[PDB]
Amino acid sequence: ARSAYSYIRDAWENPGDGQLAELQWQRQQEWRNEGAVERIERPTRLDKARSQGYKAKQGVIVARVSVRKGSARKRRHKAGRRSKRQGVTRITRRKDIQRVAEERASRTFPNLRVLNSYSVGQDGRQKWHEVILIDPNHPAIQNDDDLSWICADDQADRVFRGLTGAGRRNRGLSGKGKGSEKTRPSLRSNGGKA
Amino acid sequence: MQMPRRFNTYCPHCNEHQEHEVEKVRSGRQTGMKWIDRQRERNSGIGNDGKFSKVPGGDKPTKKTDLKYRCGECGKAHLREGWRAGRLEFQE
Amino acid sequence: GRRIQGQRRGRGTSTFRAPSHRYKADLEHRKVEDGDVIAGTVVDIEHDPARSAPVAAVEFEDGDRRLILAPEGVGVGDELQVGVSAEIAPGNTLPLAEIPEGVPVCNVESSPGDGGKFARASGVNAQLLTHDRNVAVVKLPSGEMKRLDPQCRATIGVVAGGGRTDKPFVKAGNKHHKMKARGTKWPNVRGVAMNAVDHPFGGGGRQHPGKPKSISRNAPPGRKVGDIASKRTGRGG
Amino acid sequence: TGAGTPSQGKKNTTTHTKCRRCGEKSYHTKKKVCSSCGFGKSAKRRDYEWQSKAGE
RNA sequence: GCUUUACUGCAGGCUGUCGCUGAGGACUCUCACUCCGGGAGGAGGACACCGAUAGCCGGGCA
RNA sequence: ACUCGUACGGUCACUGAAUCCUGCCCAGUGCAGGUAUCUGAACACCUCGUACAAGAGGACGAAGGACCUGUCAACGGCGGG
RNA sequence: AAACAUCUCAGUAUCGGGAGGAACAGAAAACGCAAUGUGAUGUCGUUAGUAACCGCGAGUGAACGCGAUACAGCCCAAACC
Ligand SMILES: [Cl-]
Ligand SMILES: [Cl-]
Ligand SMILES: [Cl-]
Ligand SMILES: [Cl-]
Ligand SMILES: [K+]
Ligand SMILES: [Mg+2]
Ligand SMILES: [Mg+2]
Ligand SMILES: [Mg+2]
Ligand SMILES: [Mg+2]
Ligand SMILES: [Mg+2]
Ligand SMILES: [Mg+2]
Ligand SMILES: [Mg+2]
Ligand SMILES: [Mg+2]
Ligand SMILES: [Mg+2]
Ligand SMILES: [Mg+2]
Ligand SMILES: [Mg+2]
Ligand SMILES: [Mg+2]
Ligand SMILES: [Mg+2]
Ligand SMILES: [Mg+2]
Ligand SMILES: [Mg+2]
Ligand SMILES: [Mg+2]
Ligand SMILES: [Mg+2]
Ligand SMILES: [Mg+2]
Ligand code: NA
Ligand code: NA
Ligand code: NA
Ligand code: NA
Ligand code: NA
Ligand code: NA
Ligand code: NA
Ligand code: NA
Ligand code: NA
Ligand code: NA
Ligand code: NA
């Protein structure tokens, strides 16, 4: 039969309807008062967290991060620029808000490593995301066959190098075929054209 | 100048002389779906849009004749070279 | 060109800032839990560097010593009261509602409890005209009719130091001394006396504005200069 | 007053001094910042790619 | 470098529209949101702010 | 920032002590106000088109413009016959 | 580009953040010599200055496949406990 988890998920397909709607209308009020990075005891979306690697266990941490909505906060040119480069208003960043959020979280917990993240809604001027981080130094994790991989040296600061899930999709690495000529194996090896 | 609305002349389709009717070519409406229409949208962005930032040229003092010759029997039309004419009016 | 003077202002550099460290007190009404039992005694009359007008030091029953926006006719020893039950005499503060009409008031609050915003300069005064269980129409010194919450506290009387504007500075030196006590760059160079690069009115073989002086409300900073969105100009008509 | 020789006489102010971090006489004692290594401004040592030719 | 009713654009201002955003061509309300208030509470209120977009102005700037 | 500030304030400009004074002009340009009607973008809406879509057209119409007015100690003007 | 605005120089110079001895990628929601076919990923040779872009100007510019190098394939979430 259906898992209870399936219900959390089914609700989040329409965060603007039903009980979840009223729930969000309430939470955000408290959220808008919390900081930029708040550690939370339990994931707001259990199904999603667990689906992404979460585990009620020592060394596993979760944090909700808030980020402003919209295009790039850019300063206008202060020297000569051809018309093509005089833009300010329509310029958008190449890194999506979710990655920004994943980075702000990881910096807050210097010793932890990003595992994954998911959205938990947005009001008119900001978006919230919950990030799952892991303590690569806690033995409870170094002995977990399903996570100890994140303990390796080469997984250090993985979020800042785009090795995250959101980091990899944003890098255009989803497709294995047509369209990924300039993305795989990396954007930089392809002269930054993807 | 003046010109007959109908008159006998060669029909390239029938391959034989017949009465044709002369009419000025009414411009057709664009669909906005040609390749050029797509390039305009695609290539226009921040700053100058190259060729798409240009505007309508101008006008020659007198235009050439722009007519359609319709074969009175087979119903098909053909085009001819035009000649400069300040004004062109039909007779009947 | 270069940013005009009006633009250098906003950065808030020394030259444009007010000598705040040399100011005495931020003149605001007291915060009473409620009751009116709040009264104090005028202890001294001091000069307020920020307004070129006197201000009065007052000691309140509850040991509180604070400077206050002094209305005209307040002396050392006088007893002032602040509350809903405040007596109706010069220097006392109480909500517009409890104040009788036709009585001049000063240091009027825009929002009940904001401490007072209107009518605070030398010799000015507001005029409470109408009441109601909702609106308290007051006429500010500019001549405008301002609808206000009757719960807004105010002070009875006209501000002290009236008539300060009647005497001419006569000389540059006097202007200078006053100017030094304000957040303002002085003296003033005319735009038309500048170079094209420094001001929209600069340049030329002779001095004259380049275009018309009336500028649109929508004009951008660096260009909004001269007669801003003037509905009319001159004296004629 | 000449901006040259005559204005050189007023120069008796001490600004740049031996730096505690790098040893260069670039520590600005007024700003408490080394113009050479970045001490006082950055934990990381000051360095730029323009300090050498682009392909070197 | 500078100017302007030179060409092309870019900030900025004004204005419509969408999101935030809710209850009963004009209107009431309160619950988001904003502001005043130490607080209780007051004012304002689905507007404003902010995000997006559209039209106008736009040598302030390239 | 102005601002420990509140129109007897402070911002933006012009002229430049005193004395006697400061005429005529609102067509153009500017600014501002109004505006029956005209013009006026996008979303949503209606029609056609497309098993959908592109697209074409319609209805509505904000600021703005037309149009009207105010204003020269606003840019400036004050001739020929 | 014999001017110049798209284009080009170039995702270069330079700047911000970070890893390792190598990084990154990686076991198909692939390919599409259309097949009764191939079978994770890098890289080298080629495909090819071809397809594609472009005031269709000047310029710009891949991929599949093939020949090689080296080869390696697995773990969760959920169902049921
Ligand atoms: Cl990380
Ligand atoms: Cl013709
Ligand atoms: Cl003054
Ligand atoms: Cl194949
Ligand atoms: K260029
Ligand atoms: Mg590589
Ligand atoms: Mg453009
Ligand atoms: Mg104050
Ligand atoms: Mg004066
Ligand atoms: Mg000063
Ligand atoms: Mg002057
Ligand atoms: Mg000069
Ligand atoms: Mg200028
Ligand atoms: Mg003069
Ligand atoms: Mg003059
Ligand atoms: Mg010099
Ligand atoms: Mg506040
Ligand atoms: Mg220029
Ligand atoms: Mg050239
Ligand atoms: Mg050419
Ligand atoms: Mg290129
Ligand atoms: Mg291919
Ligand atoms: Mg297992
Ligand atoms: Na970290
Ligand atoms: Na790309
Ligand atoms: Na494109
Ligand atoms: Na001038
Ligand atoms: Na020059
Ligand atoms: Na006029
Ligand atoms: Na006029
Ligand atoms: Na050349
Ligand atoms: Na040139
Ligand atoms: Na081009
Ligand atoms: Na083959």
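Convention: sequence-line order gives letters A, B, ...; per-chain numbering from 1. Below, each value reflects all heavy atoms present in this structure, side chains not excepted, and no hydrogens, waters or symmetry copies.
Note: NE2 (C/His208) to P (F/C75) measures 11 Å, nearest angstrom. Rounded to whole Å, the distance from CZ on C/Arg182 to P on F/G9 is 9 Å. In this structure, C/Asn107 atom CG and F/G9 atom P are separated by 17 Å, rounded to whole Å. Residue C/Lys117 contributes atom NZ, which lies 11 Å from atom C1' of E/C35 at whole-angstrom precision. The distance between atom CZ of C/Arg235 and atom P of F/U15, rounded to the nearest whole Å, is 17 Å. Residue A/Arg27 contributes atom CZ, which lies 18 Å from atom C1' of E/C31 at whole-angstrom precision. Counting to the nearest Å, the P atom of F/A1 and the CZ atom of C/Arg11 are 13 Å from each other. Atom CZ of C/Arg51 is separated from atom P of F/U6 by 5 Å (rounded to the nearest Å).
Separating the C1' atom of G/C71 from that of G/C56 is a span of 47 Å, rounded to the nearest Å. The gap from the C1' atom of E/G55 to that of E/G42 amounts to 41 Å, rounded to the nearest Å. As rounded to the nearest Å, G/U41 and G/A29 have P atoms that lie 10 Å from one another. Taking atom P on both E/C31 and F/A66, the two are 49 Å apart, rounded to the nearest angstrom. Rounded to a whole angstrom, the distance from the P atom of F/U22 to that of F/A62 is 48 Å. Using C1' as the reference atom, F/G30 and E/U4 are 15 Å apart when rounded to the nearest Å. G/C75 and G/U60 have their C1' atoms separated by 45 Å, given to the nearest Å. Taking atom P in both G/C33 and G/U43, the straight-line distance is 24 Å, to the nearest Å.
Looking at heavy-atom distances under 4.0 Å, C/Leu67 makes no contact with the nucleic acid at all. C/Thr165 comes within 4.0 angstrom of a base, heavy atoms only. Counting non-hydrogen atoms under 4.0 angstrom, C/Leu140 reaches nothing in the nucleic acid. Contacts of C/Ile4 with the nucleic acid, taken as non-hydrogen atoms under 4.0 Å apart, are absent. Among the atoms of the strands shown, none is found under 4.0 Å from any heavy atom of A/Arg2. Within the 4.0 angstrom heavy-atom criterion, only backbone atoms of the sugar-phosphate kind lie near A/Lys69; the bases stay farther away. Residue C/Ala25 is classed as a base contact, given a heavy-atom separation below 4.0 Å to a base. Nucleic acid contact class of B/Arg29 (heavy atoms, under 4.0 Å, all strands): sugar-phosphate only. Within the 4.0 angstrom heavy-atom criterion, only backbone atoms of the sugar-phosphate kind lie near A/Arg50; the bases stay farther away. Within 4.0 Å (heavy atoms only), A/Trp25 reaches at least one base atom of the nucleic acid. Within the 4.0 angstrom heavy-atom criterion, only backbone atoms of the sugar-phosphate kind lie near C/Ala119; the bases stay farther away. Using a 4.0 Å heavy-atom criterion, one finds that C/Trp186 contacts no nucleic acid atom at all. Contact annotation for C/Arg217: backbone-only contact, meaning every heavy-atom pair under 4.0 Å involves sugar-phosphate atoms and none involves a base. Among the atoms of the strands shown, only primed sugar atoms or phosphate atoms (P, OP1, OP2) are found under 4.0 Å from some heavy atom of B/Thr31.
Between A/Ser71 and C/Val32, the residue anchored nearer the 5' end of RNA chain E, judged by the nucleotide with its closest heavy atom, is C/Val32. Each of A/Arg107 and A/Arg85 was assigned the nucleotide of RNA chain G with the nearest heavy atom; the assignment lying further toward the 5' end belongs to A/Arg85. Comparing D/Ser52 and A/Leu173 by the nucleotide of RNA chain G whose heavy atom lies nearest to each, the residue mapping closer to the 5' end is D/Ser52.
For residues 200-210 of chain C, no pair satisfies salt bridge (charged side-chain N to carboxylate O under 4.0 Å, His left out), with sequence neighbours left out.
Sugar pucker annotation for G/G26: north, assigned from a positive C1'-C2'-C3'-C4' dihedral. A negative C1'-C2'-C3'-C4' torsion places the sugar of G/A27 in the south, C2'-endo-side range.
Ion pairing between A/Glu103 and A/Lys95 holds under the 4.0 Å rule for side-chain N and carboxylate O. We find that C/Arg30 and C/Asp62 are joined by a salt bridge, their nearest charged nitrogen and carboxylate oxygen being less than 4.0 Å apart. At a threshold of 4.0 Å, the pair A/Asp146-A/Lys55 counts as salt-bridged, since one of the basic side-chain nitrogens sits closer than that to a carboxylate oxygen. Look at A/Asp157 and A/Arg113 and you find no salt bridge, because none of the NZ, NE, NH1 or NH2 atoms lies under 4.0 Å from a carboxylate O.
Between C/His199 and F/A13 there is a side-chain polar atom (N or O) within less than 4.0 angstrom of OP1 or OP2. For C/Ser111 and E/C35, the shortest distance from a side-chain N or O to OP1 or OP2 is not below 4.0 Å. For F/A7, the OP1/OP2 oxygens have no side-chain nitrogen or oxygen of C/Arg120 closer than 4.0 Å. Taking only side-chain nitrogens and oxygens, C/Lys231 never comes nearer than 4.0 Å to OP1 or OP2 of F/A32. Taking 4.0 angstrom as the limit, A/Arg125 places a side-chain polar atom (N or O) nearer than this to OP1 or OP2 of E/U34. Taking side-chain N and O atoms only, C/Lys31 has a distance below 4.0 Å to OP1 or OP2 of E/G38.
Put simply, chain A comes within 4.0 Å of RNA chain G, heavy atom to any atom, from G/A5 to G/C80, going 5' to 3'.
F/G30 shows a glycosidic angle more than 90° from 0 and is accordingly assigned anti.
Bases F/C26 and F/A27 do not qualify as stacked neighbours, criterion being ring centres under 5.5 Å and ring planes under 30°.
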C/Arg120 and C/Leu27: CA distance, side-chain angles, deciding distance, side chain to side chain contact (heavy atoms under 4.5 Å, CB included) verdict: CA-CA 9 Å; C/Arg120 328 205 334 163; C/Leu27 311 178; 3.8 Å; yes
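A distance-only check finds a donor-acceptor pair linking the side chain of B/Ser44 to the backbone of B/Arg40 [under 3.5 Å]. Using a distance-only test at 3.5 Å, with no hydrogens or angles considered, a donor-acceptor pair links the side chain of A/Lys69 to the main chain of A/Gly124. When atom types are taken as modelled, the side chain of C/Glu109 and the backbone of C/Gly115 share a donor-acceptor pair closer than 3.5 angstrom.
Results of the side-chain hydrogen bond (donor to acceptor under 3.5 Å, both in side chains) test with A/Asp123 over A/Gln28, A/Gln29, A/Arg32 single out A/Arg32 as the only residue that passes.
Proximity of residues 46-53 of chain B to RNA chain E (heavy atom under 4.0 angstrom from any strand atom) is restricted to B/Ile46, B/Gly47, B/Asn48, B/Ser53. Contacts between residues 87-97 of chain A and RNA chain E, defined by a heavy-atom separation under 4.0 Å, are made by A/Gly87, A/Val88, A/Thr89, A/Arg90.
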Let's test your reading of the pairing rules: Watson-Crick or G-U wobble, both distances under 3.5 Å, then write RNA chain F as a dot-bracket string with ( ), [ ], | and dots. ......................(((..(((((((..(((.....((((......)))).....))))))))..)))))...
Heavy atoms under 4.0 Å is the rule here; annotate nucleotides 55-62 of chain E 5' to 3' with B where the base is hit, S where only the sugar-phosphate is, and - elsewhere. ---SSBBB
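In this structure, C/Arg8 is not positioned above the aromatic face of C/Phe16 in the sense of NZ or CZ being under 6.0 Å from the six-membered ring centre and within 45° of the axis.
The side chain of C/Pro112 approaches E/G42 more closely than any other nucleotide in the set F/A13, E/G42, F/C31.
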